[PDB]
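Heavy atoms only: backbone and side chains are in, while hydrogens, waters and symmetry mates are out. Here is the naming used below: chain letters follow the sequence lines, and residue numbers restart at 1 for every chain.
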Amino acid sequence: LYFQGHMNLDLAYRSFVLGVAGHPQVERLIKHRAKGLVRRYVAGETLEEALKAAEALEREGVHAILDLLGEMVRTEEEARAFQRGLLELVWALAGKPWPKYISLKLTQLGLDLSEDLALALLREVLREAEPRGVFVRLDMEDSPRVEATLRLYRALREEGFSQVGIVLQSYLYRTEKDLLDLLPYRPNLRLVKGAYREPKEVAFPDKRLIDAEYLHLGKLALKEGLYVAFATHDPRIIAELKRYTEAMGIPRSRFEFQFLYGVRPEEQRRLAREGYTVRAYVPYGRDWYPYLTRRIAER
Amino acid sequence: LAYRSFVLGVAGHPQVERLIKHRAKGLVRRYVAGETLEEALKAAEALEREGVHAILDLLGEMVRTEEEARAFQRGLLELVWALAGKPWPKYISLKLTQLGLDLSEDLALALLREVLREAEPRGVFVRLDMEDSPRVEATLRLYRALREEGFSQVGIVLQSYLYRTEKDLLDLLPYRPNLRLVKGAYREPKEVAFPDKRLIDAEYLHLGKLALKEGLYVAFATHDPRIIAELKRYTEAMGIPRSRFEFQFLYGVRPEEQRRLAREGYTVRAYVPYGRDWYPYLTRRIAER
Ligand SMILES: *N1=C2C(=O)[N]C(=O)N=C2N([C][C]([O])[C]([O])[C]([O])[C]OP([O])(=O)OP([O])(=O)O[C][C]2O[C](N3[C]=NC4=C3N=[C]N=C4[N])[C]([O])[C]2[O])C2=[C]C([C])=C([C])[C]=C21
Ligand SMILES: *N1=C2C(=O)[N]C(=O)N=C2N([C][C]([O])[C]([O])[C]([O])[C]OP([O])(=O)OP([O])(=O)O[C][C]2O[C](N3[C]=NC4=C3N=[C]N=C4[N])[C]([O])[C]2[O])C2=[C]C([C])=C([C])[C]=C21
């Protein structure tokens with residue numbers, strides 16, 4: 001496609017990586033010749049490999065968020081099969097001596113098929129998770145899914161669940177109002193910049209404004225007394241949040257930093273040694289190749 | 001950067017000053033109203049005809065003695081007395097060092113109290129401009145003291161580049177301060193102020209939105225189009241009425257934008273200097289852009 005008289009470069013780049021990755025040969029060679037590279041970013045194909053990765057993180061003083069990967073869920077049957085995978089994860093984490101935290105996307109529980117289905121399946125996950133001390137994060141997907149995601153969060157909180165948190169994205173205009181609307185829930189928040197392609201009508205097109213909004217929302221949340229997980233790799237933002245929290249006397253027990261597994265691992269450890277709570281987000285599952293393709297196909 | 005050096009360098013020469021005063025009156029009058037109060041009032045009338053309001057700023061040589069402080073205060077009193085009965089919004093700005101702050105806090109407070117006593121009954125609003133970081137604490141002490149004495153038509157300026165500003169803002173909330181928010185104009189070390197323009201801008205937006213959400217009246221004193229556009233978007237999206245905030249610009253800086261925002265129904269003011277000592281102010285205007 002074209003944008004403003006010139007080829008859409010974002011589109012061109014995405015389409016090339018997707019075409020190249022989809023070629024049977026390059027996939028064959030990535031699986032065979034690039035095993036070490038892949039395992040820096042994805043634990044493995046199995047729950048067993050994920051747990052070993054979490055143990056290896058914990059030995060270095062960094063906590064784990066376990067993220068089950070799966071093919072895009074398109075039928076009720078697939079949503080139930082994915083929930084099954086989530087339940088095995090919850091049951092497997094149950095004994096572990098370290099903090100237990102899983103992440104999931106509501107579309108994988110059939111949100112697009114039925115909001116009622118997603119809620120039913122999610123509630124069954126929380127029923128297992130909460131007595132086991134397993135925290136469940138509802139990852140935030142693209143803008144058309146925000147209202148439903150917030151609805152399901154409020155529903156579960158109102159049914160008595162507390163071991164559940166949400167993600168807010170600093171690139172959306174609507175996020176400050178969402179945050180303010182949610183305050184009576186005293187939500188546990190993960191703050192991210194935002195990973196989806198959104199039109200200028202719903203999201204700041206300017207990286208300076210996305211970054212400014214991230215800092216504004218983080219500081220607002222901190223001053224409101226909310227527990228906030230700063231999910232960012234941006235050194236400017238990390239340095240400012242460290243300075244701000246120290247200046248404001250905000251205890252280390254009231255916030256944390258989160259990084260993708262294998263991204264700035266040296267900084268993950270440094271922040272850990274400085275006394276901050278740090279987690280790495282650890283994907284695992286049979287669908288790692290399409291997943292890594294999409295991460296590459298982004299920026 | 002090379003343009004700045006050249007300008008500041010050439011500006012100090014007496015033959016250059018003679019040329020500007022005789023041959024570049026149109027340039028001078030873009031940025032300063034003139035040497036006299038009479039000229040400042042005429043400049044304010046001209047702005048008002050375009051729907052833009054005026055902030056009147058008396059310029060004088062740096063105050064170094066009590067006598068000089070009292071002389072400056074007299075200039076401010078004449079301004080206040082002259083603004084009385086003008087039909088349009090009356091707003092003056094002052095720097096506390098010009099009222100002898102560095103000589104004595106007691107002196108600056110006494111001189112300022114007298115100005116506020118003459119100003120309030122005449123409907124003249126008085127802004128305490130914020131100077132460098134070593135003066136912030138005294139400025140806020142004087143502000144709080146006068147608020148507690150019952151003065152209400154006095155406001156303060158906070159600068160987004162200082163680490164201390166958010167705490168200052170939160171500390172001042174019980175006073176319900178009328179605020180002008182600026183980026184900050186002084187050379188401050190990395191220990192006290194964000195070195196990175198991206199962070200100064202981010203803090204400006206953060207403080208502005210905090211202040212609006214707390215229900216404070218805020219004057220956004222900035223010429224930055226990215227910030228102005230974001231503040232317009234935010235206030236609209238949040239349903240903040242145009243009666244609860246304003247934009248302020250230096251006189252002669254983006255005058256078309258001033259008129260445009262006025263036509264869009266925003267409160268807009270231009271900061272208009274006048275007085276004998278206008279020549280160093282003018283040079284900083286030329287050098288800046
Ligand atoms: N899960 C979510 C989610 O639920 N919703 C969502 O929209 N996004 C999710 N994210 C992804 C984030 O939104 C975001 O895309 C990433 O975190 C990346 O943004 P970041 O790191 O804040 O800032 P940036 O891209 O502007 O990068 C600025 C600087 O950071 C450093 N950087 C970034 N990426 C790097 C890197 N350095 C080395 N390698 C890599 N790959 C650079 O210096 C760069 O200049 C999401 C994120 C996270 C962390 C979690 C736990 C969960 C979700
Ligand atoms: N009085 C105060 C005060 O009491 N204390 C104080 O420290 N500073 C005062 N200011 C000055 C401001 O702090 C500040 O220096 C100026 O307002 C300039 O900052 P601004 O305009 O927010 O942002 P910038 O310089 O980074 O510029 C960014 C963009 O803005 C546009 N711009 C800026 N300057 C321009 C210009 N466009 C044309 N011409 C000029 N000269 C550009 O697009 C640029 O990319 C102070 C300011 C004001 C307004 C008042 C009323 C009172 C005080």
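- Between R135(B) and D132(B), at least one side-chain N (NZ, or NE/NH1/NH2) sits under 4.0 Å from a carboxylate O, which counts as a salt bridge.
- One finds no salt bridge joining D57(B) and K95(B) here, because no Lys/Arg side-chain nitrogen approaches an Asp/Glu carboxylate oxygen to under 4.0 Å.
- By the 6.0 Å and 45° rule, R252(A) does not stack over the aromatic ring of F255(A).
- Legend: residues meeting side chain to side chain contact (heavy atoms under 4.5 Å, CB included) with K213(B), ordered by chain and number and at least two apart, are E176(A), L180(A), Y234(B), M238(B).
- Partners of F257(A) according to the ring pair (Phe, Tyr, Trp, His ring centres under 6.0 Å) rule, which considers only residues two or more places apart in sequence or in another chain, are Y276(A).
- Between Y41(A) and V263(A), the closest side-chain pair of non-hydrogen atoms falls below 4.5 Å.
- Taking the side chain as every heavy atom from C-beta outward, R147(B) and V154(B) approach each other to under 4.5 Å.
- Ionic pairing of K219(A) and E224(A) is not present here: no N-O contact between side-chain nitrogen and carboxylate oxygen is shorter than 4.0 angstrom.
- Annotation: ring pair (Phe, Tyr, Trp, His ring centres under 6.0 Å) contacts of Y101(A) (sequence neighbours excluded): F135(A).
- Residues meeting the ring pair (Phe, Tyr, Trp, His ring centres under 6.0 Å) test with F151(B), sequence neighbours left out: none.
- Listed by chain and number, the residues in a ring pair (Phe, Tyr, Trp, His ring centres under 6.0 Å) with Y153(A) amount to none (sequence neighbours excluded).
- Side chains of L222(A) and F230(A) form a contact here, defined as non-hydrogen atoms less than 4.5 Å apart.
- Looking at residues two or more places apart in sequence or on another chain, you find a side chain to side chain contact (heavy atoms under 4.5 Å, CB included) between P251(A) and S253(A), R254(A).
- A salt bridge between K242(A) and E274(A) is present, with a side-chain N of the basic residue lying under 4.0 Å from a carboxylate O of the acidic one.
- In this structure the side chain of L150(A) reaches within 4.5 angstrom of the side chain of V146(A), judged on heavy atoms.
- Comment: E45(B) does not engage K42(B) in a salt bridge, judged by the lack of any side-chain N to carboxylate O separation of less than 4.0 angstrom.
- Counting only N and O atoms by type, the side chains of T97(B) and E131(B) include a donor and acceptor under 3.5 Å apart.
- Within the 3.5 Å criterion, the main-chain N or O of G252(B) finds a donor-acceptor partner in the side chain of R30(B).
- For the pair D168(B)/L162(B), no side-chain contact is recorded, criterion being any heavy-atom separation below 4.5 Å from C-beta on.
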